[PDB]
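A.B. asks: My questions all concern the structure below.
FYI, it's all coordinate maths here, none of it is from the lab. Using ideal geometry, Cβ is built from the backbone for each residue, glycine included, and neighbour counts are taken over all protein chains shown.
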Amino acid sequence: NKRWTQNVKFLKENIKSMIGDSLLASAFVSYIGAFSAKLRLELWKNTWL
């Protein structure tokens, strides 16, 4: 029961994290890949994150 309660709390935290990461991933897919590896890093880590 304790493990299940911990899993449920983890799942709510996971849902918030998942929505944020999913938005970041969609932004990365559509656009990133057309650029060079040095620039590709700057698009998400320097501006989006």
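A.B. asks: Just checking, does the stretch 15-34 include any residue being among the small types (G, A, S), surrounded by 12 or more Cβ atoms within 10 Å (Cβ to Cβ) and touching a helix residue (DSSP H, G or I) at 6+ places or on another chain (Cβ under 8 Å)?
C.D. replies: yes
A.B. asks: Pairs, please: C-beta under 9 Å, at least 6 apart or cross-chain, first residue surrounded by 10 or more Cβ atoms within 10 Å (Cβ to Cβ) and in the stretch 35-49, second of a type in the set (S, T, Y) and in a helix (DSSP H, G or I)?
C.D. replies: Going by the 9 Å Cβ cut-off, the qualifying pairs are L43/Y31.
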